[PDB]
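Remarks on the overall topology
As a plain string of letters, each chain reads:
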Amino acid sequence: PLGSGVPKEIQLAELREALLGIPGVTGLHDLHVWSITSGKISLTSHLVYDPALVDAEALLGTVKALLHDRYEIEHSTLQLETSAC
Amino acid sequence: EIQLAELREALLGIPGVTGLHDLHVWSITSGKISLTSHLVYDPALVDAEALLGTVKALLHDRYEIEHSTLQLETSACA
Ligand SMILES: [Zn+2]
Ligand SMILES: [Zn+2]
Ligand SMILES: [Zn+2]
Ligand SMILES: [Zn+2]
Ligand SMILES: [Zn+2]
């Protein structure tokens, strides 16, 4: 849903909602989405989660699946934390 | 570039796989690589769904193949 070419801020807005919509996720900041080559899209982000609701390793698996299966993102780096920076 | 001989060995090297035929590997000009194949397996040794998962992982993680169609069968085609 980010399409070919430079991702728009309104497509990133929908990507933010998708990540914030995952059970256990409380927060989201320092989102980076860019294209290195034609087609390939990379993502880095900080994710704030409730450790009482979801396990870190489990949440990481759920986010990787969403980013890969929906957005076709192979190359991602996600910092999971219990409180925002 | 993919070595098909080495790809065949990799698939035949998976525990439970007894046979391999009708292998198709081709590239569209965007670079994306597709694969179709018939895979003969021993149902006493491995579960179909489990084997399918193992083959998809190999094709994705080693060969960067997203687009694949694999026919799992307990005996080879005539
Ligand atoms: Zn940043
Ligand atoms: Zn992939
Ligand atoms: Zn942070
Ligand atoms: Zn054929
Ligand atoms: Zn066959």
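Residues numbered from 1 in each chain as written, not as in the entry; some residues may be left out. Chains lettered and ligands numbered in written order. Heavy atoms only, no water. Residues with missing side-chain atoms left out of burial classes, pairs and counts.

When two helices pack together, their arrangement is given by the angle between their axes and by how far apart the axes lie. Residue and element names in this part refer to chain A. The geometry of helix α1 (residues 9-20) relative to helix α2 (residues 56-69) is characterised by a closest axis approach of 11 Å and an angle of 150 degrees between their N-to-C directions. The orientation of α1 with respect to α2, classified from their angle, is roughly antiparallel. For α1 against α2, the interelement crossing comes out right-handed. Across the interface between the two elements, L15, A18 and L19 of α1 pack against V63, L66 and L67 of α2. For the contact of α1 with α2, a count of residues per class yields six nonpolar, no polar and no charged. (Axes fitted to C-alpha atoms, helices over the stretch in contact; angles between N-to-C directions. Helix = DSSP H or I, 4+ residues; strand = E, 2+ residues; numbered from the N terminus. Parallel < 35°, antiparallel > 145°, perpendicular 65-115°, else oblique. Left-handed = near helix turned anticlockwise from the far one by under 90°. Contact = heavy atoms within 4.5 Å. Nonpolar A, V, L, I, M, F, W, Y, C, P; charged D, E, K, R; others polar.)

Below, the discussion takes up the coordination of the zinc ion (ligand 4). Residue and element names in this part refer to chain B. Here the zinc ion (ligand 4) is held by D22 (OD) and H24 (NE2), and the distances to it run 2.0 Å. You can call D22 partly exposed: its relative accessible area is 45%. Exposure remark for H24: the relative accessible area of 40% places this residue in the partly exposed category. (Donors = N, O, S within 2.8 Å, 3.2 Å for Na, K, Ca; no water. Buried < 20%, exposed > 50% of the residue type's maximum accessible area, 1.4 Å probe, protein only.)

Before going further, it helps to examine the coordination of the zinc ion (ligand 3). All names here are of chain A. Looking at the zinc ion (ligand 3), the protein donor atoms are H29 (NE2), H46 (ND1), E81 (OE) and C85 (SG), and they sit 2.1 to 2.3 Å from it. Mapped onto the sequence, the residues coordinating the zinc ion (ligand 3) show the spacing H-x16-H-x34-E-x3-C. Separated by 17 residues along the polypeptide, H29 in strand β1 (residues 25-35) and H46 in strand β2 (residues 41-49) bring together distant segments of the chain. The exposure class assigned to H46 is buried, which follows from its relative accessible area of 16%.

Another aspect to go through is the UniProt feature "binding site: Zn(2+) 1" (unreviewed entry) in chain A. All names here are of chain A. Within this numbering scheme, the UniProt entry marks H29, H46, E81 and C85 as carrying the feature "binding site: Zn(2+) 1" (unreviewed entry). Spanning 57 residues, the annotated positions come together in the fold, the maximum distance between their C-alpha atoms being 11.1 Å. When sequence neighbours within four positions are dropped, the list of residues in contact with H46 reads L28, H29, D30, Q79, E81 and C85. One can find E81 in strand β3 (residues 75-81). Setting aside anything within four residues of it in sequence, one finds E81 in contact with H29, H46, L47, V48 and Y49. Engagement of the side chain of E81 in a polar contact is seen with the side chain of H29, the distance being 3.1 Å. (UniProt positions renumbered as here; feature names shortened; annotations may be inferred. Polar contact = N/O pair within 3.5 Å; in protein donor to acceptor, adjacent residues only side chain to side chain.)

Moving on, we come to a negative patch on the surface. A grouping of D69, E72 and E74 of chain A together with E64 and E66 of chain B is seen on the molecular surface, where their side chains present a negatively charged patch. Tracing the chain through its elements places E64 of chain B in the loop between α2 (48-61) and β3 (67-73). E64 of chain B sits in the exposed class, given a relative accessible area of 67%. (Patch = residues over 30% accessible without salt bridge, like charges linked within 9 Å, V, L, I, M, F, W, Y side chains within 5 Å. Areas by Shrake-Rupley, 256 points an atom, 1.4 Å probe, with all protein chains shown as cover. Salt bridge = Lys/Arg side-chain N within 4 Å of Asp/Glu carboxyl O. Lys, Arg positive; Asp, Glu negative; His and termini not counted. Charge placed at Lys NZ, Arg CZ, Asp CG, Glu CD.)

This part takes up the UniProt feature "binding site: Zn(2+) 3" (unreviewed entry) in chain B. With numbering aligned to this structure, UniProt lists the feature "binding site: Zn(2+) 3" (unreviewed entry) at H60 and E66 of chain B. For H60 of chain B, the position within the fold is in helix α2. A relative accessible area of 23% places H60 of chain B in the partly exposed class. Leaving out residues up to four positions away in the same chain, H60 of chain B has contacts with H68 and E74 of chain A together with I65 and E66 of chain B. Within the fold, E66 of chain B resides in the loop between α2 and β3. With relative accessibility at 48%, the residue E66 of chain B sits in the partly exposed group. Excluding residues within four positions of it along the chain, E66 of chain B makes contact with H68 and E74 of chain A together with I33 and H60 of chain B. In terms of polar contacts, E66 of chain B uses its side chain to reach the side chain of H68 of chain A, at 3.5 Å.

Along the chain, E66 of chain B and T29 of chain B lie 37 residues apart, while their C-alpha atoms are 15 Å from each other. For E66 of chain B, the side chain forms a polar contact with the side chain of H60 of chain B, separated by 3.0 Å.

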